Structures are given as C-alpha cells and as structure tokens.
Amino acid sequence: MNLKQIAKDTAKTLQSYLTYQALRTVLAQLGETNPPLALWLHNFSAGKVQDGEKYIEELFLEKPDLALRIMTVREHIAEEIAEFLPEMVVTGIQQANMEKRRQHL
Amino acid sequence: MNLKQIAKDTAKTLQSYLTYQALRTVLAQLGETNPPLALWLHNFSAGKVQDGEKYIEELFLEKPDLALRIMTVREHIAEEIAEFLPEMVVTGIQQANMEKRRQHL
Amino acid sequence: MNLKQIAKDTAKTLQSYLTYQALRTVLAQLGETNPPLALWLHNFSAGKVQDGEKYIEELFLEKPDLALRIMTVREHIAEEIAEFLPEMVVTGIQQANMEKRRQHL
Amino acid sequence: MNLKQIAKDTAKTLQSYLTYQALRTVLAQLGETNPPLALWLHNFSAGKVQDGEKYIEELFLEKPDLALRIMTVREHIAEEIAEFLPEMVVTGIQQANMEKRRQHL
Amino acid sequence: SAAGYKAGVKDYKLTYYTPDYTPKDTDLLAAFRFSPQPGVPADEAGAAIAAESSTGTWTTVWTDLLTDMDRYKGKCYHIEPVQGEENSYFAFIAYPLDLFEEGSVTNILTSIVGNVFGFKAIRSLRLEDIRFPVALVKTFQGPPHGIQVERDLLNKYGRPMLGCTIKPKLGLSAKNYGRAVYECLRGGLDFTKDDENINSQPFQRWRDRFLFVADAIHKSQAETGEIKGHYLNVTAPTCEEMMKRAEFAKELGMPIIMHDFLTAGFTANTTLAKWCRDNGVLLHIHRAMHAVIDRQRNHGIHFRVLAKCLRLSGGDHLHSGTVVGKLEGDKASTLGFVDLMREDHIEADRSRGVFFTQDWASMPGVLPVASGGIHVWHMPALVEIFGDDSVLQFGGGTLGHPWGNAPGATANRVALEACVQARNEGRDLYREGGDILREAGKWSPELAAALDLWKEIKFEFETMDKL
Amino acid sequence: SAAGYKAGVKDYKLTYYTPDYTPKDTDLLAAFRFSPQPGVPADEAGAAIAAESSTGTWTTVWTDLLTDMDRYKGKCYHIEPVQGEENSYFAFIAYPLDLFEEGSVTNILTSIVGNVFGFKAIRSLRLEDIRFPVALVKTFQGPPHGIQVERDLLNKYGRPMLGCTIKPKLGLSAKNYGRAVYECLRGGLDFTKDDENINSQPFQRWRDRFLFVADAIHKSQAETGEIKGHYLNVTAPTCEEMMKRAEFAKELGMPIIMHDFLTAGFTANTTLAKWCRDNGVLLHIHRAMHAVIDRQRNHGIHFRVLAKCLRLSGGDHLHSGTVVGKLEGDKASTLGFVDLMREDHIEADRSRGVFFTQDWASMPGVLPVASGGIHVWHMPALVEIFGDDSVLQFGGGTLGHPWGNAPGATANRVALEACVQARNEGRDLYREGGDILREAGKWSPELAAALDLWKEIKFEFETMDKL
Amino acid sequence: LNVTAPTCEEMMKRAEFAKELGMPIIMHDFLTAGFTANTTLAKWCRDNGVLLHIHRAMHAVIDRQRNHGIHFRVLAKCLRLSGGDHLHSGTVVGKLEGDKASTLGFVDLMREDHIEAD
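Residue numbers (the working numbering), protein chains in the order written: chain A, 9 to 113; chain B, 9 to 113; chain C, 9 to 113; chain D, 9 to 113; chain E, 67 to 533; chain F, 67 to 533; chain G, 3 to 120.
1. Just to confirm, are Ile-322(F) and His-350(F) a CB contact at a threshold of 8 Å?
2. Figure out for me which residue from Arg-275(E), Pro-268(E), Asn-263(E), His-296(E) has the closest Cα to the Cα of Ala-302(E).
3. Taking only beta-carbon positions, decide if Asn-153(F) is within less than 8 Å of chain E.
4. Kindly list the residues whose CB is nearer than 8 Å to the CB of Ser-91(G), restricted to its own chain and excluding five residues on each side of it in sequence; keep chain order.
5. How about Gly-122(F) and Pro-234(E): are their beta carbons less than 8 Å apart?
6. Tell me, please, whether the CB atom of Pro-43(C) is closer than 8 Å to any CB atom in chain E?
7. What residue does the alpha helix (DSSP H) around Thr-464(F) start on, and which one ends it?
8. Between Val-203(F) and the rest of its own chain, which residues show a CB-CB distance below 8 Å, the 5 nearest in sequence each way excluded?
9. What is the rounded straight-line gap between the Cα of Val-34(A) and the Cα of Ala-157(F)?
10. Taking only beta-carbon positions, decide if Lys-108(C) is within less than 8 Å of chain D.
11. Looking at C-alpha atoms only, which residue of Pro-268(E), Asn-221(E), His-284(E) is the closest neighbour of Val-247(E)?
12. Need the endpoints of the alpha helix (DSSP H) that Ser-379(F) sits in, please.
13. Can you find a CB in chain B that lies within less than 8 Å of the CB of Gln-214(F)?
14. Leaving out five residues before and five after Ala-516(E) in sequence, what residues of the same chain have Cβ atoms less than 6 Å from its Cβ?
15. Given 8 Å as the limit, is there contact between the stretch 22-31 of chain B and the stretch 12-27 of chain A, that is, 3 or more CB pairs closer than that?
16. Using a C-beta cutoff of 8 Å, does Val-182(E) count as contacting chain C?
17. Helix, strand or coil for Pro-102(E), going by three-state DSSP, please let me know.
18. Quick check: is any heavy atom of the ligand SAM less than 7 Å from the C-beta of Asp-59(B)?
19. Which same chain residues, not among the five before or five after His-444(F), have their C-beta less than 8 Å away from its C-beta?
20. In the DSSP output, which residue or residues are listed as bridge partners for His-356(F)?
21. Within 8 Å (strictly less), CB to CB, does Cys-342(F) reach chain E?
22. How would you call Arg-82(D), buried or exposed, if buried means at least 16 neighbouring beta carbons within 10 angstroms?
23. Would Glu-40(C) count as contacting chain E if we go by Cβ distances under 8 Å?
24. Considering only the beta carbon of each residue, do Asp-93(E) and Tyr-138(E) sit closer than 8 Å?
25. Have a look at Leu-219(F) and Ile-232(F) and give me their C-alpha separation to the nearest angstrom.
26. Is the beta carbon of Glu-70(C) closer than 8 Å to that of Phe-52(C)?
27. Are the beta-carbon atoms belonging to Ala-86(D) and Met-96(C) less than 8 Å from one another?
28. Along the chain, where does the beta strand (DSSP E) containing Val-75(E) start, and where does it finish?
29. Taking the alpha helix (DSSP H) that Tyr-28(A) falls in, what are its first and last residues?
30. Quick one: what does DSSP say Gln-207(E) is sitting in, helix, strand or coil?
31. Mind checking the stretch 183-198 of chain F against chain B and listing, in chain order, the residues whose C-beta falls within less than 8 Å of any C-beta there?
32. Could one say the Cβ of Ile-523(F) lies closer than 8 Å to chain C's Cβ atoms, at least one of them?
33. Closest to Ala-201(F) by CA distance: which of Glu-167(F), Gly-237(F), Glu-152(F) is it?
34. Please name the residues in the stretch 328-339 of chain F whose beta-carbon is closer than 7 Å to at least one beta-carbon of chain E, in chain order.
35. Is the shortest distance between the beta-carbon of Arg-479(E) and the beta-carbons of chain F less than 8 Å?
36. Flag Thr-304(E) as yes if its beta-carbon sits less than 8 Å from any beta-carbon of chain F, otherwise no.
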C-alpha cells in the first residue's frame, strides 16, 4: 500500500476526470450559444479524454479560446466540489462494501 | 455545472479507481503469499476493471473471500488518502493551468 | 503624530468601551432573567467603567460568574463588529468634517 | 447585542477620542510653533473634550482656522491607524481574557 | 397571584426559556436553526424567538396579569448546538393549541414566522420542521380528494402517472396551445399542464385556452381510450377571478385544475381547496416561489414545512422535486418529505430531516410530482425514488423529441407504458429501468431518438498496469 | 423564417443573452444578484435566469417556431460583477409587457421569482429591484385611498400619526382587549391595532373583539374630540372569512382594518384592497413573514420589491421598519424604499439601493409605519427619518409605561402632541427631539417616568493628559 | 343577433338568450345605444365567449362633413378600446360614402398594432 504513489495516481485520475467534466459543461454551453462550434469540439474530443493535460495541449493548437475555457471550468469545478469528495468516497465505499455483504454473505 | 451530479459522478469514478488500486495491492500481496491465486485473479480481472461495484458482485459470485480482501483494502486506502485529494487536485489543476497560461497567454 | 502610541491608546480605549458595552448587554439579559442580580450589577458598576480591565478584575472578587460572562460578551462583540469600525470611523470623520465646513465655512 | 447600534456608538466614541488625539497633536505643534495660541487652546479645551463634533462646531465659532487644523489631523490619524484597530482589539481582548481565565479558572 | 407589575425590560429567557418543559400532545412544536449575534447567548436568543412568536414583546406590560401567561406563552424547551458548526443551534419551541385559529395555515405561519426572522439579535433563522398536533390537523379539510380517491376517479392504477408542461412557457396562442396538448395526450401521457405563469395574458386569454384545451382532451381521450387531463391554471389576481376561472373549468367538465399556492397565497388556496371538494375537481399544486424561501440552509423555511402546510390547506398533487433534474433537491431530504406528504404516520428521523414524528389522523395523502429537466434516461431512477404513487412530468422531455412534437409525444407515451408494464410484471424499475427503456427503444425509433438525445457526460477512461 | 427545428440542448445564452438590447419603456426590468456554480459562466447563468422566467426550458422545443420568440423572450441585457465580492454579479433582465396579466402582482411574481431561485446551476439568487413600466402600473388600482385622502378623511394634519399594538400578543379576552384599547386611545394615540397573529382564536373570537373595540373607539373619541381608529385584523383562513370580517367592520362604522398581505397572500390582498376602495375603509398592511424572504443579501427578494408590489396590490399603510428599534432596517435602504412607497417619481440611486428609476403615474402613496421596539427616546430620530407622513407605533412603549396602562398611554399621548406642536412651530424634530421630550417631561411625571425607563447604554468615560 | 335594446337590462336579457341558444355571435349598435352600454356588452362577451359585431349606425351624422364633427377614424379607435370584434369600415365603392385613402388609414388603425403617422 504505497500511499504517496496511490494518492499521486488517484489525484492525476481525478484531475483528468474533472477536465473531462469541464469539457461536458462547455460542450453543453456551446450547444446553446454556438451549435457549430459545439459539433467541432465534440468531433475533435472523441477518444482524447484519457489524459486531461494531453487533451488541453492538443486543444491549444486548434482552439486556444476553448482550451482556456475548459481550464477555467475544471478549476471552478474543483474549487466547488473537491472538499466534499473525501466523505463521499469514504462513506460511499463503506456503504457499497456493506451492501455487497448484505446481498451475498 | 450540475455540481451534485458532477460530484456524485466523480466519487463513483474515485471508488472504481480505488477498487482498481486495491486489486493491485491484493494482487501484489498474493504475489508473495499465493502465486497461483494471484494468477487466477490477474486473468479473471483483466478487462473487468470497468465498474468497481459490478466487479465486486461478480467476484463475490466466484470467490466470496477474495472479493472481501479487495473490499477491505479499497476502504483502507480511501481512509488513508482521501483527505489529501482535495488540496492535491485543486493545487494540481491551478499549477498545470498556470504553466500553460504562462507559455501560451 | 506618534502613530504606534496613538493606535495603542485608541485600542485600549476601544477595548474598554467594548467592555462597557458587554456590561450593558448582560445587564439587559439579567433584567429579564434575574432582576435582583441586575440591580446588584448596576449598583456595583456605577462609576467603575473607565478602565475595562480594572473593572473585570474588581468584578472577579465579588461575582466571578458575571466577570466571565462580560469577558465572553466583549469578546463576541469585538469579533462581530471590529472589522467594520475602520470604514465607519474614517468615513464618519470625513463626513463629519465636511458637514462642519458646510454649516460654517 | 444590538450590533449596528453598538458599532454606531463605538465609531462615535472612536471619533471623539481621535479628535482628542488630534487636539493633542495640534497642541504639541503649536508648542513649537505658536506658544500663546497653544495656551489659548489648552485652556479653551480643558473639559470641553466630551463630544468631538460639538467641540468642533464650538471651536469653529471662536477660531475657524484652528478647528480646521484639528479637523485635518483627526482625519489623518484615522486614515493611518484605523485599519490596525480590529486586529488589536480582538487579539487584545482575547489576550486579556486568556490571562484572567488562566489564574482564576 | 398576579405577581405585581414591575415595568421595564427583562431578559426573555426569564419567562420563555423552559428547559424542564415536557411538550403536550396538543402542543404545536417548532424546530428552528439559528445563529445569535455576538454577545447574545443561545438561550436568550431561543427565548426571544419563543416570546415574539407567541405572547411577548420587548418590555414588560401590565396586561399580562389580566390573563394566565403560563397557559399561553411559547416555551423554548430545548436548545442544542448544531454538530460541527460554529455559532449555530437548534431551538425547539412548544406552542399551546389555544394560540391558533382552527383551519388556518395563514394564522399558524403568522405566529411562527411572522416577525422573528428579522430580529436584530439573531443573524439568521431557518424553520426546519413543525409538529402539527392531531387536534389541530382535524380542524383542516386537507386534500380535496387525495391519492386513492384520485386513482379511483381517473381509473389509473399500477404505475406512476405521466404529465407534461407545454412550452414555450409564454407566447403560444390558445389554439396552438390546444394543438400541442392534443398531440401530447394522444401519444400516451395522462396529463398536460399550463406553465405556472400561464394565467391570462395578451397573447392568450384564459377562457380561450380553457375552450381549446377541452376540445384537445376530448379528441385525445376518444382516440386512446384512456382518461386524459390538463391542469388548467386558475391562478388569478383576486379571489373573484380565481373562482370565475375554476367555475368555467367545472362547466367544461374538466377533471383537474392547478394553482400556484405560494404566489397566490394560502388564503386563496384554502378557498380553492374547499371549492374543489364541493365540486369534485382535482387540484394540482405548483410550488412557484418556494426556492426564494427554502433553498439556503442558514435562513428561511425548509420545504418540508411548506409541504405539510399545503397538505393541510389542500392539494391533490404537489411538486416534490426530481433530485436528478435541472432544479435542486437533496435525496435524503426528499425521501423524508415525500413520506410526510403521503403517509399517515411518519417517525422522527434526523437523517432524512424529519425532526418530529408526524401523525395525520387519516387526512388523505398528496401525490408528489417530479418535474423539471428530466428525460427518458432518468426514468428508472425516478420510479425507484418515488414509486407508483407519483406523477412524473416531461415538458422539454416531450416537446423536445429531434423529429418534432408527435414523435416526441410517442417517445414519452411508449416509455411510460413500457415502465408500467414492466413494473406490473414484477421488474424492479430502479435496477432495470435503463434496460426496460433500451428494450422499448429497439422497436420504437422515436423513443430511440429521444434516448440518444438526452442520455447525459459519459464516462468512459481506461487498463495499462500490465505485469 | 421559422429557422428549422433542431432538437437538442443548447446554451441559454445563445437565445437569451442580449448585451446589445436597449430596454423599451414598456419593458418590465429586473435586477438580480447571483452567484453561479463553479464552471457556470456568468452570462450563461444570467441567460438561464432570463430564459426560465419567461419563455424557455432546458431543451429545444419545436413549438417556439409557431410564434415570434423575439417578441416574447426575456432578455438578459447587462451583467456586472459586484464590486469587491468574489463570484457575485448583477444581471439586468428585460421582460416584454405582453408577458404579464394586467392588475396581477401574483402573475408578475410567478414569472420573475417562480422557478429560477432553485436552479442547480446557481448557488444563490436575490431579486433586488423591478422597474414596473407605467403602462403596467396603470392596470392596477393601487392604494384604496393613499396618504392625502387618508389625512382628509381623518382630519389629521401637521405631524406623524401615532399607533400602538395591544399586548400581550395573544391571551387577552375581547373585553380586556377593548379595555386596553380605550385606555390607549383616550391618552392621545390616534390608533391602536390587533397584533398580526390576532385573528380568531379560542381565547378571543373575532366578532367579539370587533364589538368591544368599537365601543372603546366611541368612548375615547367622545372624550378627546379627536378621530380615533383601531386596525381590526381581517386576516382569515379563506377569502370568504376575510370578507365576512371586513364586512362587519364596515357595519360597525370602523374607519380602518388591517391585513397580513404575505401570510394571507396577494390574491386575497388584492381582493381586500378593491373592497376597501368600494366601501371607504382604510387598509393597514402588516408585512408578517417578509424577513423570511428579505433579510439576507445573498438570497431572496429585497423588501423594496415587496413594498412596490404592495403599493400595486393595494394598501394605505405599510410597515417600513424603524432602523433604530428591535428589528433590522438599514437606514440608506429604508430611505430608498420609503421614497418608493410615497413619491410619484424616484430616480435611480444605487447608494440607497434604488436600481431603476420608478414612475407611478399618480398612483397614491402608502404611509410608512415605523413599529417595533421603539420608545420616547427614539422620537426625534423617527421624526427626522420619516417626516410627517408616517405612523409611529409604540406597543410595549405605551403599555409598558412603571405605573401601568393609563399613565403609559398619557406618556405617549403627551410625547406625541409635544412633537406635533414643536414641528408646527418650526422646530427641527431630528435635532431638537430629545429636548422637546425633556421639556414635556418637566410637566408630565408619567412621560418623565417613561423617558427614564427606556432611555438606552450611556456612555459616559473620561481627561487625564495634563501638562 | 341584434341585442341593441332600450335599457342595459334588456340588452343583457337578449345577449343572455343568444348564449343560451349557443349562438356564436351577436351585434350591437354602439353609437345609438352608447359607449356605456357597449362597454358593458364587450365585457360580457369576453366572459361568455360570444363574438361581437359592431354596427356604426348614426356615425355619418357625426363624421361626414370635414368642417365640423368627429372623423370616423376617432370613432374606430374608440370602438376598439370599448370593445368589438367586427366594425363596419365602409366599402369605398358602394352606396355609402368612404374616401379610399382615409379608409386605408383607419383600417390600419383598427387592425394593426403600430401605425405610423401619415
């Protein structure tokens, strides 16, 4: 249980999930405000969201405007929700574990 | 930004990744302790790692004891690391963005 | 304009006005909850409120219960209002000054 | 705790004390600069220092220029020191209380 | 005896803080969450709340001694700090039965929340719950019909009912309104409804809408062989107009109308609920404006109090939130007040926000209505959360169906009937909802189109870590 | 043309954010203060507010193309950050005149504050101001009488009027109620009043109170030779009961009644205001429950919007706060909405919280009523702040007068007449109020006793710094 | 069906029977009956869903000569305010007088939402 490594890796996964979720937000925003650009972003993004930093850098070359938008949204999302994730993950695991023992064992 | 939906989705992704991390732990333990049982779990789990709660209920159907081993470990990791994740992801994102706004903008 | 000395002296005056105002609060509280003790406190306090620390120490010998009550109220008052006093005093002086020039000059 | 009344009352007491401080400044200045005018102001002001705004309107009736000198200085002091008063009074009170709760309680 | 009049200001807590008081079963109990101003002790703040919502004012008055203050005064009988939060407390206050006008939610609220929220000595105040004593509950009519009588009137059994708000909110003529209604209802929805702000306006006068909508209901009911309804909004400027509109709906033989109980008010609502009982018209209640009051947890009134008040005033449906849709709803809280509006006896349970055990003495339940920003992918969760005794409403989720209105309507009607069939067969809507929908999507192209459109962020991420 | 129907979710700001829009004089304008959720841009949040309070929903619907959306949609035409505050903005939104039912405050509120406060994407929302267009203002009756007609009916000129709430709030019998009223009125007060929560209760049924209070008014008016009134509370469970109570007050020849407009509601209030006009009865409005809505500046509706709405719905008096008393009231804000409820034309002035210039097209003003925790020492400040066209009310400040009720009443009556005389003589009530009171206290022992009791923390501290 | 009557009471009695018969439309002579009776009838028609045809009998006593009287376009505006679903506008070409340019003007005034000065 290499905790510094596990946390590091969990954090990078989190960072890159929040990037993906910032994407979903601006995609939805653009669906309302700029339908053709929403389509461009959707088609561009398909199969690119595994690594959030790699994704943003790819987006910088084509549309630095959108890259900066996603950067801001991921930052905002994290600032609003990050503090509530420890409880949600700990008590979620504990409840999920204990629901699996109740169904089977 | 449907924030409670995003948080809800984020926690379930953290729970699935921590289940994957626990599966990595249990696997490395059985590497010292029980090399056969390790080989069974490594081949059983390849590709199954998608949804952590579905993976657990499916591993319970085959080997209830080993599922319990992964259940304990996922939960142990979560209790140890989850409280550090907020500060890591928030400052992680801010630092990664700060880099790119510096070179580009 | 010995500013460290003026601030020091203004702070002590403030501290000792807030003590006096904590007194008024508990006096009023006691007027509702314990009329005879309100009377005792009022009669005890008459001509004692110039120095707030001297006052509290005199009160400790007779009624340590009440002393501790005032100590808490002055602390609470300060924590609620202190941050708004700089604006109120600066803009009050500036408006009072300028009202005096408008009436006369 | 009628907090806006207390704050309102506190600011007017700070304004009156800062007017007394300014009167002390102007007085010490005239000590170097104009010893007669100093002696007039020192005897004029003895006992008058009660309400700062009443004192000012009364000094304006006798000597509009000197009232203006006190007006400027009270305001100069306020702009320089007022921002430090919150932290001084809050930590002042907490420290003074902390002393007494230590010996007594 | 009358203990002598001594004029002057006393602490409220001398009279109104009664930590040794044990509430009677006829007492109305209230749970407040408050933060006192710095320097105001919690018990004095709690006592001030009890005082100024019952019998007391800021100074001692001699008139107290003409009556029996002990019999009448509000009693703050318990205070507890909110765990984990600085300067926040719960005060529990008991009010004698005698303080309240029978059958008047207006009067109850006037005491409990009339003046105390603006008290200088209190930073913030939020009413969390009220226990209505059974003796008071019995002075109210409650729902004109309630859940079981409504199912019996409409011949609707065995699954949630389905509704739909017509869109755009405002702007459609009466004829175009009825057009949209006909096409929705013919496709399988049980109900359509006026938007809450559709009353009577230059682009669409109310009496014209009532006329054209009645025609749409008849045509769609004739085609489908199922009872159809449309909540005609009678929300009006005055009581007289409200009644005039309710009356015409009855004249048209309309089964159901709607009312915005908060923006119109409890006095008008209670009038309407009584009329509905006497005239056999079902009453759908829209909670417009509630979030102005109930959203923030530091100040206001929690929705579960408003839900209780509405069940007393009278309503057959009441919007409950979705949890999953475009508007806010905490799940634990929602499960709590859904029980409060449906069941006869609800045990105290702080984990679901129910501070007091509530009995209803056989007052009918109110149908919860889940509405707002929901589409087909939400269906299994909605059925899971609310169960059969609910109305699920899809406005944009029907009229926004890529091929237009009629296919949009069919998508919703098919999705509903598939869920009702599955439920009746014993399938678990919560666990199997997505599958039931996918199944139906296989043979319904228009449902498939809708499922695709509103599916929604997926995630999906990755395996490397190879040996 | 109708630009093709493309189903699916779009950003609200594509349709509803219109920064180049210039509001028409017939537009209803609203100023909202909001904080978006992290990740939601301010212009999208502002557009969502405009959308879901006018014509829009969460997904694209084909029915838009049946009408002219440009004519009907709400338009967020300006957004500005709140200076000095993180993640807080003002959105200014224009709504076409066509969206609103004439003469209906209920409908206006249903649109503007109906659903948007609970939107997930928004953390908090507070409506700060509404500009009511003159064309809409003219569809309302407004005050049954208003300030100048009221002074003329009551023969009351030249100073503030004086009132008094009877205490204890609840618990007194009808006969003891009239007793307290008679003694108050005979002593020099113009009005007494029911407490807001005095409606009809076991200890005191309404019709008995009306009877005994009418007797008290006649006796005191006969003794003093001045017109007396008592605001009889007609606030009731239903419209029918409300009207029944208003009717008996008229039958008794009572000049004035009161109504809790928020706990009863705007629909019942508008009914009552029309009746009052037709029957020549003055209408005092109590704002019970307003602080549930208007206290916190991050979420809710500011009182100045509620004051505007009440002037439209109808009321002759409306409580305005005291600034100095037991309940909260910001002075700058108060001066602002006192102008909004009295004057015919009020210029925008953000320093007093007036976001929009408001015209009233000669709709009568409403008398502000200062009430709550005030006593004689407050008098010069109250006269200074509110001026002559106000009612100042002393409940505890009359009935709490050390020697009992009759001397308490005389203290208030003397204090009032001394102030009116002084004002009429040209004395400045603000600067000289304390002195005027001290003067009168010299020859009135009972006033002196009251001045002493409620004088109140003085400070007073010290001179050392000797040479 | 013409509900034009000697009194308000008779007018309403006749309007009421038309509604009872399920008749979609009635008529009223707004000038010979008067605006007070007409405004009463227009409100009733709204509340009872009956269309209101307005006959302009007597208008030419008032509006024919251009030196004295009130032009019809004012009467048309007044009628739209008082209430009517139809209003006679003239023919231009028939047996009674109607200036074409004028007619095109007040037809716009009675139909449209915004009419520029011309």
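Don't be surprised by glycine CBs; every beta carbon is placed ideally from N, CA and C.
So, from the data block:
1. yes
2. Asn-263(E)
3. no
4. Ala-78, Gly-100, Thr-105, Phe-108, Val-109, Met-112
5. yes
6. yes
7. 462-465
8. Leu-378, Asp-425, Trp-426, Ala-427, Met-429
9. 21 Å
10. yes
11. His-284(E)
12. 369-379
13. no
14. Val-442, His-467, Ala-477
15. yes
16. no
17. strand
18. With respect to the ligand SAM, the structure offers nothing, as it holds no ligand at all.
19. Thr-388, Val-390, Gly-391
20. For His-356(F), which the question treats as bridged, DSSP gives no partner whatsoever.
21. no
22. buried
23. yes
24. no
25. 24 Å
26. yes
27. no
28. No beta strand (DSSP E) contains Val-75(E), which DSSP labels as neither H nor E.
29. 11-41
30. coil
31. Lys-186, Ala-187
32. yes
33. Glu-167(F)
34. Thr-329, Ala-330, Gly-331, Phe-332, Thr-333, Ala-334, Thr-336, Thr-337
35. no
36. yes
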